[PDB]
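Working notes, beginning with the structure itself.
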Amino acid sequence: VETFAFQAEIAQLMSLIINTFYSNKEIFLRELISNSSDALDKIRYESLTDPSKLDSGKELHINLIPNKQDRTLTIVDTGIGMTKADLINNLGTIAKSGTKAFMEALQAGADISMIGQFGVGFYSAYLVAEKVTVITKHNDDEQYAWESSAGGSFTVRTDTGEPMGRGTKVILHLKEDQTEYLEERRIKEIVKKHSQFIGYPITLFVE
Ligand SMILES: CN(C(=O)c1cc2c(C(=O)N3CCCCC3)[nH]nc2cc1O)c1ccc(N2CCOCC2)cc1
């Protein structure tokens, strides 16, 4: 298990997300489904020049898996996935600029719901989750587990769990007062409101 400090601006945004009073918490799901759709668009596009990139799985979809017993909401996609270098350096380097721009926009009157315009919508997961676990598998790398309970640090390890084939699985360990996001009717309403035109099948698993 390797422990890393988040870039200062990212840690700052995570504290702002956790500490700001903001009732419209449901936007976290739109943001995560969007990121899934982008990873799916990426593998679809790449497989046009290299069809072998779909050897790890041809199906392009999103699964929404609530678990009341574990108090977890899992968002699974069969997108391009992420390499170790993406999880540790690449995505965070880029997110540094988006994060700074977003925090400046909030100071100028913008709302937390506009987070996606700055490419840092992922951090909206901390509106509802005390801990986020990300399992990922890219064709060019091994399966990794990224994890953070905020507090300025995250961990990355090789994942010895069930092999994913290709894609990303976001496991949200929900805050005790955010269990409405495990309810089928609540998840259906959010998907219909914010993610109605996503170009991939979104399957909501029932318990
Ligand atoms: C390739 N890819 C993924 O496989 C993937 C990443 C996800 C995150 C996330 O953002 N993570 C999770 C781990 C810590 C870093 C952040 N959340 N849900 C995700 C679902 C996914 O399929 C990916 C997809 C979209 C993006 N951004 C969209 C917005 O513009 C900036 C790039 C970046 C990478």
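Numbering starts fresh at 1 for the residues of each chain in the structure tokens, the chains themselves are lettered A, B, ... in the order given, and ligands are numbered from 1 as they appear.
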
Within 8 Å of ligand 1, counting only C-alpha atoms and all ligand atoms: which residues, as a compact mmCIF listing (two decimals) with C-alpha atoms, in the first residue's frame?
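Wrote it out as result.txt, contents follow:
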```txt
# COMPACT_ATOMS: atom_id res chain seq x y z
CA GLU A 31 -20.71 13.74 -12.27
CA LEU A 32 -19.65 10.09 -11.77
CA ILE A 33 -21.93 8.83 -14.58
CA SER A 34 -20.40 11.57 -16.83
CA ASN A 35 -16.85 10.39 -16.02
CA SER A 36 -17.95 6.80 -16.81
CA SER A 37 -19.49 7.96 -20.16
CA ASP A 38 -16.18 9.76 -21.04
CA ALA A 39 -14.12 6.60 -20.33
CA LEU A 40 -16.61 4.61 -22.43
CA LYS A 42 -12.57 6.93 -25.11
CA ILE A 75 -20.78 2.80 -10.13
CA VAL A 76 -19.22 0.32 -12.58
CA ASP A 77 -18.30 1.04 -16.21
CA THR A 78 -16.50 -0.95 -18.95
CA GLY A 79 -14.61 2.12 -20.15
CA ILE A 80 -10.88 2.49 -21.04
CA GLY A 81 -9.88 2.35 -17.34
CA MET A 82 -6.82 3.99 -15.79
CA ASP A 86 -3.11 8.19 -14.33
CA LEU A 87 -4.18 7.47 -10.68
CA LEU A 91 -5.17 13.08 -13.49
CA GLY A 92 -4.07 15.10 -10.41
CA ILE A 94 -4.49 18.39 -14.74
CA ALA A 95 -7.01 18.66 -11.83
CA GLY A 116 -18.12 19.56 -13.98
CA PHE A 118 -13.79 22.62 -14.42
CA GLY A 119 -13.19 18.88 -15.01
CA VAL A 120 -13.14 18.07 -11.28
CA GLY A 121 -16.69 16.70 -10.85
CA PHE A 122 -15.23 13.51 -9.26
CA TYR A 123 -14.62 15.36 -5.93
CA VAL A 134 -11.79 3.20 -7.07
CA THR A 136 -9.55 0.24 -12.24
CA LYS A 137 -8.12 -1.88 -15.04
CA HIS A 138 -6.61 -0.43 -18.26
CA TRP A 146 -7.17 3.88 -5.31
CA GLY A 167 -12.96 -0.44 -16.74
CA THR A 168 -13.52 1.47 -13.53
CA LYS A 169 -15.57 0.75 -10.46
CA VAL A 170 -16.24 3.65 -8.04
```

Need to verify the contact set: residue 133 of chain A, 9 Å, only C-alpha atoms, exclusion of same-chain residues closer than 3 positions in sequence. Can you return it as a CSV table (one decimal) with N, CA, C and O atoms, in the first residue's frame?
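Written output follows (around01.csv):
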```
chain,number,residue,atom,x,y,z
A,145,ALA,N,-6.2,-0.4,-7.0
A,145,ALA,CA,-7.2,0.2,-6.1
A,145,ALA,C,-6.7,1.5,-5.5
A,145,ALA,O,-5.6,1.5,-5.0
A,146,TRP,N,-7.4,2.5,-5.8
A,146,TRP,CA,-7.2,3.9,-5.3
A,146,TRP,C,-8.2,4.1,-4.2
A,146,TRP,O,-9.3,3.6,-4.3
A,147,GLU,N,-7.8,4.7,-3.1
A,147,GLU,CA,-8.8,5.0,-2.0
A,147,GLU,C,-8.5,6.2,-1.3
A,147,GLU,O,-7.3,6.5,-1.1
A,148,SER,N,-9.5,7.0,-0.8
A,148,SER,CA,-9.3,8.2,0.0
A,148,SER,C,-10.5,8.5,0.9
A,148,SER,O,-11.7,8.4,0.5
A,149,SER,N,-10.2,8.9,2.1
A,149,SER,CA,-11.2,9.3,3.1
A,149,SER,C,-11.0,10.8,3.3
A,149,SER,O,-11.3,11.3,4.4
A,169,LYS,N,-14.5,1.0,-11.4
A,169,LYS,CA,-15.6,0.8,-10.5
A,169,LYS,C,-15.3,1.7,-9.3
A,169,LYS,O,-14.3,1.7,-8.7
A,170,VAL,N,-16.3,2.6,-9.1
A,170,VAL,CA,-16.2,3.6,-8.0
A,170,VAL,C,-17.2,3.2,-6.9
A,170,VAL,O,-18.4,3.0,-7.1
A,171,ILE,N,-16.6,2.9,-5.7
A,171,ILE,CA,-17.3,2.5,-4.6
A,171,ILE,C,-17.4,3.6,-3.6
A,171,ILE,O,-16.4,4.1,-3.1
A,172,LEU,N,-18.7,4.1,-3.4
A,172,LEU,CA,-18.9,5.2,-2.5
A,172,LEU,C,-19.3,4.6,-1.1
A,172,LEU,O,-20.4,4.0,-1.1
A,173,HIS,N,-18.5,4.8,-0.1
A,173,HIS,CA,-18.9,4.4,1.3
A,173,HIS,C,-19.6,5.6,1.9
A,173,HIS,O,-19.0,6.6,2.3
```

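Note that atom CA of residue 74 of chain A and atom CA of residue 47 of chain A are 26.0 Å apart.
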
Near-residue 23 of chain A list (12 Å; only C-alpha atoms; drop same-chain fewer than 4 positions) as a list in words
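My reading of the contact set: residues 17, 18, 19, 27, 28, 111, 112, 113, 127, 128 and 178 of chain A.
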
Which is closer to residue 197 of chain A than all the others in A:101, A:30, A:25, A:174, using only C-alpha atoms?
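Among the listed residues, the smallest separation from residue 197 of chain A belongs to A:30.
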
With only C-alpha atoms as the atoms that count, which of A:155, A:72, A:195, A:97 lies nearest to residue 183 of chain A?
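The closest residue to residue 183 of chain A is A:72.
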
Measure the distance from atom CA of residue 64 of chain A to atom CA of residue 204 of chain A in Å and round it to one decimal.
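Atom-to-atom, atom CA of residue 64 of chain A and atom CA of residue 204 of chain A are spaced 4.8 Å apart.
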
Per-residue nearest contacts of segment 84-196 of chain A to segment 8-13 of chain A (10 Å; only C-alpha atoms) as JSON lines:
```
{"residue": "A:92", "atom": "CA", "partner": "A:10", "partner_atom": "CA", "distance": 7.9}
{"residue": "A:93", "atom": "CA", "partner": "A:10", "partner_atom": "CA", "distance": 9.9}
{"residue": "A:95", "atom": "CA", "partner": "A:10", "partner_atom": "CA", "distance": 7.4}
{"residue": "A:96", "atom": "CA", "partner": "A:9", "partner_atom": "CA", "distance": 6.1}
{"residue": "A:97", "atom": "CA", "partner": "A:9", "partner_atom": "CA", "distance": 8.6}
{"residue": "A:98", "atom": "CA", "partner": "A:10", "partner_atom": "CA", "distance": 9.5}
{"residue": "A:99", "atom": "CA", "partner": "A:9", "partner_atom": "CA", "distance": 6.3}
{"residue": "A:100", "atom": "CA", "partner": "A:9", "partner_atom": "CA", "distance": 6.4}
{"residue": "A:102", "atom": "CA", "partner": "A:13", "partner_atom": "CA", "distance": 8.6}
{"residue": "A:103", "atom": "CA", "partner": "A:13", "partner_atom": "CA", "distance": 7.1}
{"residue": "A:120", "atom": "CA", "partner": "A:10", "partner_atom": "CA", "distance": 9.2}
{"residue": "A:123", "atom": "CA", "partner": "A:13", "partner_atom": "CA", "distance": 7.8}
{"residue": "A:124", "atom": "CA", "partner": "A:13", "partner_atom": "CA", "distance": 9.6}
{"residue": "A:150", "atom": "CA", "partner": "A:11", "partner_atom": "CA", "distance": 7.4}
{"residue": "A:151", "atom": "CA", "partner": "A:11", "partner_atom": "CA", "distance": 7.3}
{"residue": "A:152", "atom": "CA", "partner": "A:11", "partner_atom": "CA", "distance": 5.1}
{"residue": "A:153", "atom": "CA", "partner": "A:11", "partner_atom": "CA", "distance": 8.0}
```

Write a file of the just-selected residues containing N, CA and C atoms, as an mmCIF file, in the first residue's frame.
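Writing done, so here's again20.cif:
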```cif
data_model
loop_
_atom_site.group_PDB
_atom_site.id
_atom_site.type_symbol
_atom_site.label_atom_id
_atom_site.label_comp_id
_atom_site.auth_asym_id
_atom_site.auth_seq_id
_atom_site.Cartn_x
_atom_site.Cartn_y
_atom_site.Cartn_z
ATOM 1 N N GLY A 92 -4.307 14.081 -11.424
ATOM 2 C CA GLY A 92 -4.069 15.104 -10.407
ATOM 3 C C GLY A 92 -3.356 16.349 -10.902
ATOM 4 N N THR A 93 -2.378 16.190 -11.828
ATOM 5 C CA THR A 93 -1.634 17.330 -12.414
ATOM 6 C C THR A 93 -2.616 18.253 -13.158
ATOM 7 N N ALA A 95 -5.994 18.233 -12.799
ATOM 8 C CA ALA A 95 -7.014 18.663 -11.834
ATOM 9 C C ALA A 95 -6.593 19.870 -11.008
ATOM 10 N N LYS A 96 -5.270 20.100 -10.872
ATOM 11 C CA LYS A 96 -4.721 21.269 -10.175
ATOM 12 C C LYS A 96 -5.286 22.569 -10.786
ATOM 13 N N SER A 97 -5.298 22.714 -12.137
ATOM 14 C CA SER A 97 -5.805 23.939 -12.783
ATOM 15 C C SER A 97 -7.331 24.092 -12.682
ATOM 16 N N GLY A 98 -8.066 23.000 -12.936
ATOM 17 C CA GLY A 98 -9.521 22.986 -12.837
ATOM 18 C C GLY A 98 -9.993 23.357 -11.441
ATOM 19 N N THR A 99 -9.328 22.781 -10.425
ATOM 20 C CA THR A 99 -9.588 22.995 -9.010
ATOM 21 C C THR A 99 -9.423 24.469 -8.641
ATOM 22 N N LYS A 100 -8.297 25.081 -9.050
ATOM 23 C CA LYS A 100 -8.030 26.500 -8.778
ATOM 24 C C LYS A 100 -9.100 27.371 -9.442
ATOM 25 N N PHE A 102 -12.203 26.485 -10.353
ATOM 26 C CA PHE A 102 -13.485 26.222 -9.693
ATOM 27 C C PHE A 102 -13.613 26.995 -8.380
ATOM 28 N N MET A 103 -12.581 26.954 -7.550
ATOM 29 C CA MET A 103 -12.610 27.673 -6.275
ATOM 30 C C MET A 103 -12.691 29.186 -6.469
ATOM 31 N N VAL A 120 -13.433 18.641 -12.595
ATOM 32 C CA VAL A 120 -13.138 18.070 -11.280
ATOM 33 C C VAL A 120 -14.418 17.567 -10.561
ATOM 34 N N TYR A 123 -14.720 14.971 -7.331
ATOM 35 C CA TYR A 123 -14.624 15.358 -5.932
ATOM 36 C C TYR A 123 -15.989 15.645 -5.292
ATOM 37 N N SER A 124 -17.056 15.802 -6.128
ATOM 38 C CA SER A 124 -18.442 15.947 -5.677
ATOM 39 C C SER A 124 -18.893 14.641 -4.990
ATOM 40 N N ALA A 150 -10.406 11.434 2.285
ATOM 41 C CA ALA A 150 -9.978 12.822 2.229
ATOM 42 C C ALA A 150 -8.863 12.992 3.268
ATOM 43 N N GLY A 151 -8.878 14.073 4.032
ATOM 44 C CA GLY A 151 -7.839 14.317 5.023
ATOM 45 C C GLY A 151 -6.455 14.602 4.456
ATOM 46 N N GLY A 152 -6.370 14.878 3.156
ATOM 47 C CA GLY A 152 -5.126 15.246 2.474
ATOM 48 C C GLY A 152 -4.304 14.130 1.860
ATOM 49 N N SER A 153 -4.783 12.880 1.962
ATOM 50 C CA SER A 153 -4.027 11.750 1.424
ATOM 51 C C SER A 153 -4.899 10.712 0.737
#
```

Filtered DSSP result for segment 2-79 of chain A, state alpha helix (DSSP H), as JSON, numbers by chain
{"A": [8, 9, 10, 11, 12, 13, 14, 15, 16, 17, 18, 19, 27, 28, 29, 30, 31, 32, 33, 34, 35, 36, 37, 38, 39, 40, 41, 42, 43, 44, 45, 46, 47, 48, 49]}

Could you save the residues just selected, with N, CA, C and O atoms, as a compact mmCIF listing (two decimals), in the first residue's frame?
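The resulting out01.txt:
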```txt
# COMPACT_ATOMS: atom_id res chain seq x y z
N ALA A 8 -1.97 20.37 -2.97
CA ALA A 8 -2.57 21.32 -2.04
C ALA A 8 -3.96 21.84 -2.44
O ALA A 8 -4.86 21.86 -1.61
N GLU A 9 -4.13 22.21 -3.72
CA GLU A 9 -5.37 22.76 -4.28
C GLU A 9 -6.47 21.70 -4.24
O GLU A 9 -7.63 22.03 -3.97
N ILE A 10 -6.11 20.42 -4.48
CA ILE A 10 -7.09 19.34 -4.42
C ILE A 10 -7.58 19.12 -3.01
O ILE A 10 -8.79 19.04 -2.80
N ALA A 11 -6.65 19.06 -2.04
CA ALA A 11 -6.97 18.91 -0.61
C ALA A 11 -7.93 20.05 -0.17
O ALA A 11 -8.91 19.80 0.52
N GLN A 12 -7.63 21.29 -0.61
CA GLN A 12 -8.43 22.49 -0.36
C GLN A 12 -9.85 22.31 -0.90
O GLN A 12 -10.80 22.61 -0.20
N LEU A 13 -9.98 21.85 -2.15
CA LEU A 13 -11.31 21.65 -2.74
C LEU A 13 -12.09 20.56 -1.98
O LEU A 13 -13.28 20.73 -1.72
N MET A 14 -11.41 19.46 -1.62
CA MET A 14 -12.05 18.36 -0.88
C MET A 14 -12.59 18.86 0.48
O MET A 14 -13.73 18.55 0.82
N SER A 15 -11.82 19.70 1.21
CA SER A 15 -12.26 20.29 2.48
C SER A 15 -13.46 21.20 2.25
O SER A 15 -14.39 21.18 3.05
N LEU A 16 -13.43 22.01 1.16
CA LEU A 16 -14.54 22.92 0.81
C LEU A 16 -15.80 22.10 0.51
O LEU A 16 -16.88 22.50 0.94
N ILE A 17 -15.68 20.96 -0.18
CA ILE A 17 -16.83 20.11 -0.54
C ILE A 17 -17.45 19.50 0.71
O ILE A 17 -18.67 19.47 0.85
N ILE A 18 -16.60 19.01 1.61
CA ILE A 18 -17.02 18.39 2.87
C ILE A 18 -17.62 19.41 3.83
O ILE A 18 -18.61 19.11 4.49
N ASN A 19 -17.02 20.61 3.91
CA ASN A 19 -17.44 21.62 4.89
C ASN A 19 -18.52 22.62 4.46
O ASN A 19 -19.15 23.19 5.34
N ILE A 27 -26.17 15.84 -7.28
CA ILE A 27 -25.32 16.08 -8.46
C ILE A 27 -24.08 15.15 -8.51
O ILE A 27 -23.52 14.98 -9.58
N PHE A 28 -23.66 14.57 -7.37
CA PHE A 28 -22.52 13.65 -7.35
C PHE A 28 -22.72 12.52 -8.37
O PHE A 28 -21.77 12.13 -9.04
N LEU A 29 -23.96 11.99 -8.47
CA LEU A 29 -24.25 10.86 -9.36
C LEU A 29 -24.10 11.24 -10.84
O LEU A 29 -23.50 10.47 -11.58
N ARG A 30 -24.60 12.44 -11.24
CA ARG A 30 -24.47 12.95 -12.61
C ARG A 30 -22.98 13.03 -12.99
O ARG A 30 -22.61 12.67 -14.10
N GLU A 31 -22.15 13.56 -12.08
CA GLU A 31 -20.71 13.74 -12.27
C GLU A 31 -20.00 12.41 -12.50
O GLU A 31 -19.18 12.30 -13.41
N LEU A 32 -20.29 11.41 -11.67
CA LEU A 32 -19.65 10.09 -11.77
C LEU A 32 -20.12 9.34 -13.02
O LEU A 32 -19.32 8.68 -13.67
N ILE A 33 -21.40 9.47 -13.35
CA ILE A 33 -21.93 8.83 -14.58
C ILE A 33 -21.27 9.48 -15.81
O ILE A 33 -20.89 8.78 -16.75
N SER A 34 -21.08 10.82 -15.77
CA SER A 34 -20.40 11.57 -16.83
C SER A 34 -18.99 11.08 -17.05
O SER A 34 -18.59 10.91 -18.20
N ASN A 35 -18.23 10.88 -15.95
CA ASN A 35 -16.85 10.39 -16.02
C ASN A 35 -16.84 9.00 -16.62
O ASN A 35 -15.99 8.70 -17.46
N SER A 36 -17.82 8.16 -16.23
CA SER A 36 -17.95 6.80 -16.81
C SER A 36 -18.18 6.90 -18.32
O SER A 36 -17.52 6.21 -19.09
N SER A 37 -19.14 7.74 -18.74
CA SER A 37 -19.49 7.96 -20.16
C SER A 37 -18.25 8.43 -20.95
O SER A 37 -18.01 7.95 -22.05
N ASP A 38 -17.43 9.33 -20.37
CA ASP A 38 -16.18 9.76 -21.04
C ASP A 38 -15.20 8.61 -21.24
O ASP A 38 -14.62 8.50 -22.32
N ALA A 39 -15.05 7.72 -20.23
CA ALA A 39 -14.12 6.60 -20.33
C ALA A 39 -14.62 5.58 -21.36
O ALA A 39 -13.82 4.95 -22.04
N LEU A 40 -15.95 5.48 -21.47
CA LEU A 40 -16.61 4.61 -22.43
C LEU A 40 -16.44 5.18 -23.85
O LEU A 40 -16.05 4.45 -24.75
N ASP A 41 -16.64 6.51 -24.02
CA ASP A 41 -16.42 7.21 -25.29
C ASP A 41 -14.97 6.99 -25.77
O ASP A 41 -14.76 6.73 -26.93
N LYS A 42 -14.00 7.08 -24.84
CA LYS A 42 -12.57 6.93 -25.11
C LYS A 42 -12.22 5.54 -25.63
O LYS A 42 -11.54 5.46 -26.66
N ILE A 43 -12.67 4.46 -24.96
CA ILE A 43 -12.39 3.10 -25.45
C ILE A 43 -13.10 2.85 -26.80
O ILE A 43 -12.53 2.18 -27.66
N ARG A 44 -14.33 3.38 -26.97
CA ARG A 44 -15.10 3.20 -28.20
C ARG A 44 -14.35 3.82 -29.39
O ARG A 44 -14.19 3.18 -30.44
N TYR A 45 -13.88 5.05 -29.19
CA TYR A 45 -13.14 5.79 -30.19
C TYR A 45 -11.81 5.12 -30.54
O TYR A 45 -11.50 4.96 -31.72
N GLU A 46 -11.04 4.72 -29.51
CA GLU A 46 -9.74 4.08 -29.66
C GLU A 46 -9.84 2.73 -30.35
O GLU A 46 -9.00 2.42 -31.18
N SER A 47 -10.89 1.96 -30.05
CA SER A 47 -11.09 0.65 -30.66
C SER A 47 -11.43 0.72 -32.17
O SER A 47 -11.37 -0.31 -32.86
N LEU A 48 -11.73 1.93 -32.70
CA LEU A 48 -11.97 2.11 -34.14
C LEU A 48 -10.67 1.91 -34.92
O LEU A 48 -10.69 1.28 -35.97
N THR A 49 -9.53 2.42 -34.39
CA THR A 49 -8.22 2.23 -35.03
C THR A 49 -7.55 0.92 -34.57
O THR A 49 -6.84 0.30 -35.36
```

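Separating atom CA of residue 132 of chain A from atom CA of residue 71 of chain A is a distance of 12.1 Å.
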
Name the residues of segment 16-186 of chain A that come out as strand (DSSP E) in a backbone DSSP run; write them as a VMD selection string.
chain A and resid 62 to 67 72 to 77 129 to 137 144 to 148 153 to 158 167 to 174

Excluding residue 200 of chain A and any residue of its chain fewer than 4 positions from it, enumerate the residues within 7 Å of it, using only C-alpha atoms, and give them as an MDAnalysis selection string.
chainID A and resid 60:62

Could the residues in this selection be written to a file with N, CA and C atoms, as a CSV table (one decimal), in the first residue's frame?
```
chain,number,residue,atom,x,y,z
A,60,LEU,N,-20.1,-2.1,-23.6
A,60,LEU,CA,-19.9,-0.7,-23.1
A,60,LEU,C,-21.2,-0.3,-22.3
A,61,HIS,N,-21.0,-0.3,-21.0
A,61,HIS,CA,-22.2,0.0,-20.1
A,61,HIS,C,-21.8,0.5,-18.8
A,62,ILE,N,-22.8,1.0,-18.1
A,62,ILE,CA,-22.7,1.5,-16.7
A,62,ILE,C,-23.7,0.7,-15.8
```
